[PDB]
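So the sequence lines, in the order shown, correspond to chains B and A.
If you use the deposited numbering, the first sequence corresponds to residues 1 to 43, 52 to 305, in order.
Just so you know, the deposited numbering puts 188 at position 188 of the second sequence, and the rest follows in order with no gaps.
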Amino acid sequence: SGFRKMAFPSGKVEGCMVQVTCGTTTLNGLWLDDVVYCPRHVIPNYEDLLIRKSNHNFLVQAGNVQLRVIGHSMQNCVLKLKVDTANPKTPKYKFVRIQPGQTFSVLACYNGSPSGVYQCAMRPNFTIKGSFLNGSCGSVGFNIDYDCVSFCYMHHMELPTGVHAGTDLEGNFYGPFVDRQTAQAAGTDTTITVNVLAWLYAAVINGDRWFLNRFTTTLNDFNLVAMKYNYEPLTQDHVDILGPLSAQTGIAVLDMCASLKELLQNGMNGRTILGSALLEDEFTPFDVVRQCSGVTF
Amino acid sequence: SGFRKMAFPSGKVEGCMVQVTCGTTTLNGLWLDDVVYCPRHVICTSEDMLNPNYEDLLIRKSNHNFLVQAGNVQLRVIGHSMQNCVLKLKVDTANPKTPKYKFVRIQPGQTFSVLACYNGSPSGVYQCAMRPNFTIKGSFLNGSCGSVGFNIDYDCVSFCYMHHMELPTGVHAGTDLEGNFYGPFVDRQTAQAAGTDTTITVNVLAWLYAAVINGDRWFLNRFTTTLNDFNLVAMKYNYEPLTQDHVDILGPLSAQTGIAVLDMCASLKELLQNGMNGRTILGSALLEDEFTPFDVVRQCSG
Ligand SMILES: CCc1cc(Cl)cc(CC(=O)Nc2cncc3ccccc23)c1
Ligand SMILES: [Cl-]
Numbered sequence: 001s002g003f004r005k006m007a008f009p010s011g012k013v014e015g016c017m018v019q020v021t022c023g024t025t026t027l028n029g030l031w032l033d034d035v036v037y038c039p040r041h042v043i052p053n054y055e056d057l058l059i060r061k062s063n064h065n066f067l068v069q070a071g072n073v074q075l076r077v078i079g080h081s082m083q084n085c086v087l088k089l090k091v092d093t094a095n096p097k098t099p100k101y102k103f104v105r106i107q108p109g110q111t112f113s114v115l116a117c118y119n120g121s122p123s124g125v126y127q128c129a130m131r132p133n134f135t136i137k138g139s140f141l142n143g144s145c146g147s148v149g150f151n152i153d154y155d156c157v158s159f160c161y162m163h164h165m166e167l168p169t170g171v172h173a174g175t176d177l178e179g180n181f182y183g184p185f186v187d188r189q190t191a192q193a194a195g196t197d198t199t200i201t202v203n204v205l206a207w208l209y210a211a212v213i214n215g216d217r218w219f220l221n222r223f224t225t226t227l228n229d230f231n232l233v234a235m236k237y238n239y240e241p242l243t244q245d246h247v248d249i250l251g252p253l254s255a256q257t258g259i260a261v262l263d264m265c266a267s268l269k270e271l272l273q274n275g276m277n278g279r280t281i282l283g284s285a286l287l288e289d290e291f292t293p294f295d296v297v298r299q300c301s302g303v304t305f
Numbered sequence: 001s002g003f004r005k006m007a008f009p010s011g012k013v014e015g016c017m018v019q020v021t022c023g024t025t026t027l028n029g030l031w032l033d034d035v036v037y038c039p040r041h042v043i044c045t046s047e048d049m050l051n052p053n054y055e056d057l058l059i060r061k062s063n064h065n066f067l068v069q070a071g072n073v074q075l076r077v078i079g080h081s082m083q084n085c086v087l088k089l090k091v092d093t094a095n096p097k098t099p100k101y102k103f104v105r106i107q108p109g110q111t112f113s114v115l116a117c118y119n120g121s122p123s124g125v126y127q128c129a130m131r132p133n134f135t136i137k138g139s140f141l142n143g144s145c146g147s148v149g150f151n152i153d154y155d156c157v158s159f160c161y162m163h164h165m166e167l168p169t170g171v172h173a174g175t176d177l178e179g180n181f182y183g184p185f186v187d188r189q190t191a192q193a194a195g196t197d198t199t200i201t202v203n204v205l206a207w208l209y210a211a212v213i214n215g216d217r218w219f220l221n222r223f224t225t226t227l228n229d230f231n232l233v234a235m236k237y238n239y240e241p242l243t244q245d246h247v248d249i250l251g252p253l254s255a256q257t258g259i260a261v262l263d264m265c266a267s268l269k270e271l272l273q274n275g276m277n278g279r280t281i282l283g284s285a286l287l288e289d290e291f292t293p294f295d296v297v298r299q300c301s302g
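Below, the structure is given as structure tokens:
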């Protein structure tokens with residue numbers, strides 16, 4: 001029993017964190033094989057700024073060992089520093105771009121040193137509601153599938169609202185953001201509907217049933233109600249994804265939708281679900297299965 | 001900016017997780033140097049649950065009864081001893097991945113990270129607080145026994161918890177790494193109930209200071225309170241009494257934000273009286289009590 005916002009074990013990613021210093025800026029790098037990846041803002053015309061840099065300008069530190077940079081290239085908003093040594097601790101990895109609603113773990117680092125791990129969701133407005141201080145740039149978001157680390161995020165900046173913006177590991181920003189000091193605002197956020205439903209299934213698996221009702225709804229009637237409460241549209245794909253949870257608990261997806269519809273129009277009435285007074289949307293349907301069945305890494 | 005329930009990086013602890021099998025029972029072990037630590041109930045049978053004699057059960061075991069597996073390598077048990085409710089299996093190989101570590105017993109209200117494992121394999125990491133009733137509200141399934149709670153302050157891992165059992169309410173009970181249970185709990189399947197839980201007041205206040213540091217001020221009021229008047233109100237809402245030690249501990253946050261502890265106490269008194277009124281504090285509609293004053297300073301400063 002129990003439901004917690006659980007992150008993936010961070011060990012495979014900790015073995016990749018390095019400190020990258022260029023001039024006055026110090027941030028984090030992801031050392032995989034003989035390449036160190038980091039935000040290009042460590043060096052604006054970035055092609056022009058990068059052509060003025062030499063390999064010895066970037067001081068890369070892996071623990072108490074200095075890595076010598078033997079090349080540098082830029083891919084979108086990510087800087088790739090070719091180093092002489094391949095990271096022995098390099099795990100089986102992939103660079104994956106995630107979609108909004110998808111969750112991932114963040115290993116927050118300061119000076120190439122991991123200090124915390126937390127679980128995040130890519131908001132529908134493409135920002136993450138992270139926890140970052142100055143120096144966290146280059147910190148990475150990841151998932152683990154079997155023994156493979158899927159790197160999906162690199163932290164680049166904090167928006168004026170305290171939310172975070174970054175890129176995938178190929179340097180492509182999530183959201184309409186740019187890596188420079190200018191007026192940039194996060195768009196109006198919406199609730200990840202499929203994730204709230206998955207979390208309602210997790211509450212039922214944990215014995216919380218007060219919100220369940222005898223009613224069902226059509227997907228269209230649910231989406232008309234969801235739109236009114238700033239909830240993301242629930243697609244037929246989402247229903248199919250929720251299928252195993254629907255089968256396990258005996259509550260049809262449109263039947264849980266009718267519970268969610270009532271929860272939105274009426275509220276919780278001083279009641280809680282999994283110790284929360286808000287509807288939680290940072291657990292995907294897969295996260296609920298993984299946590300409520302026991303998958304290990 | 002931003003406030004998250006953050007766990008310590010689990011890598012140093014992952015390098016210590018092993019699988020311990022004794023008969024039909026398989027649980028987790030913590031392999032540090034040449035010793036594997038695990039709950040002593042790994043040696044219990046079906047009829048040795050209600051009233052087991054662990055000294056008697058352990059004397060009947062030989063080193064070859066304990067199958068210890070570290071990854072795909074079997075470790076050779078060369079000795080066994082029991083310290084309170086933990087079993088110590090001396091092995092023939094010292095763990096190369098053994099970090100700089102300490103065994104620390106924590107007090108209620110204290111937080112720690114839990115590395116949940118099944119079959120000696122880490123599957124997730126989450127943040128926990130030792131509840132005032134000495135239970136933890138964890139997320140554990142069958143096979144999680146032997147999973148550990150820790151804090152990684154600087155480069156040293158302070159092991160503070162080992163999971164042992166789930167109480168009838170879905171809450172969890174375990175020991176420190178010396179085998180001493182937290183609370184009035186025993187490793188027997190006898191009727192055991194967690195005591196009435198209370199809110200860790202000092203932690204809610206620390207989290208209110210975290211919200212102020214993050215720009216949230218709506219809950220602040222023009223009032224202050226005496227420590228006694230605050231406790232008289234706090235008790236009525238099942239909040240732990242706030243001691244002078246707690247007031248002292250909140251001192252740095254009080255100095256950083258400019259809000260006196262008894263002033264922040266009057267804000268908490270009002271929040272208990274009024275509720276949130278459809279508002280949130282740090283994205284939460286409930287008062288959060290699993291962030292200690294030390295957690296708030298570490299996350300909001302470094
Ligand atoms: C009542 C008998 C008993 C006494 C003792 Cl000394 C130990 C256990 C084992 C136990 O509680 N294991 C588990 C841990 N966490 C969560 C669990 C969820 C489901 C099933 C087991 C779970 C059981
Ligand atoms: Cl403590």
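Yeah, the Cβ is synthetic: ideal placement off N, Cα and C, and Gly gets one too.
Distance between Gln273 of chain B and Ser267 of chain B (C-alpha atoms, nearest Å)
10 Å
Anyone know if the C-beta pair for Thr175 of chain A and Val86 of chain A falls short of 9 Å?
yes
Taking only beta-carbon atoms, is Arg217 of chain A less than 9 Å away from chain B?
no
Cα-Cα separation, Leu205 of chain A to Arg131 of chain A:
16 Å
Verify the CB distance criterion: does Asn214 of chain A have a CB-CB separation below 9 Å to chain B?
yes
Neighbouring residues, chain B, relative to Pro9 of chain A (Cβ below 8 Å):
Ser10, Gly11, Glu14, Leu115, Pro122, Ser123, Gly124 and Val125
Which residues DSSP lists as bridging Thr26 of chain A, in chain order:
A:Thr21
Quick check: does the Cβ of residue 316 of chain A come within less than 8 Å of any heavy atom belonging to ligand 1?
Residue 316 of chain A lies beyond the residue range present for chain A, which begins at 1 and ends at 302; the question has no answer from this structure.
Secondary structure at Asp56 of chain A, three-state DSSP: helix, strand or coil?
helix
Got a sec: which bits of the stretch 184-196 of chain B sit with their beta carbon under 9 Å from any beta carbon on chain A, in order along the chain?
none
is_contact[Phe291 of chain B, chain A] using C-beta, thresh 9 Å
no
Can you tell me which of the three DSSP states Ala234 of chain A falls into?
helix
Suppose you measure from the CA of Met17 of chain B to the CA of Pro252 of chain B; what does that come to, to the nearest Å?
37 Å
Among A:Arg217, A:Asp229 and A:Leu242, which has the Cα closest to the Cα of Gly258 of chain A?
A:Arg217
Taking only beta-carbon atoms, is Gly283 of chain A less than 9 Å away from chain B?
yes
Taking the Cβ atom as the reference point for each residue, do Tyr126 of chain A and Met276 of chain B lie within a distance shorter than 9 Å?
no
Can you give the Cα-Cα distance for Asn95 of chain B and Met162 of chain A, rounded to whole angstroms?
33 Å
Top-ranked residue by Cα proximity to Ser1 of chain B, from A:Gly11, A:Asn51, A:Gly138 and A:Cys265:
A:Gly138
Checking the sheet assignment: what are the DSSP bridge partners for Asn151 of chain B?
B:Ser158
Determine the closest residue to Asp187 of chain B out of B:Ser81, B:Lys236, B:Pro52 and B:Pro241, with distance taken between C-alpha atoms.
B:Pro52
Would you say the beta carbon of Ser1 of chain B is closer than 8 Å to some non-hydrogen atom of ligand 1?
yes
Report the rounded CA-to-CA distance for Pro108 of chain B versus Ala129 of chain B, giving the unit in angstroms.
7 Å
Report the partner residues of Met82 of chain B according to the DSSP bridge assignment.
B:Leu87
Do you know how far the Cα of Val148 of chain B is from the Cα of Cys160 of chain B?
8 Å
Neighbourhood of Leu271 of chain B by C-beta distance below 7 Å, restricted to the same chain and skipping five residues each side:
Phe219 and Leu287
Of all the options B:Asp197, B:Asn221 and B:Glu55, which has the alpha carbon lying nearest to the alpha carbon of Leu208 of chain B?
B:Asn221
Contact criterion: CB-CB distance below 9 Å. Does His80 of chain A meet it with respect to chain B?
no
If you count every other CB in all the chains shown that lies within 10 Å of the CB of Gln189 of chain B, and 16 or more means buried, which is it?
exposed
Of all the alpha helix (DSSP H) runs that stay within the bounds of the stretch 193-220 of chain A, which reach a length of 4 or more residues?
201-213
Along the stretch 138-151 of chain B, where does the CB come closer than 7 Å to a CB of chain A? Name the residues.
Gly138, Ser139, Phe140 and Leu141
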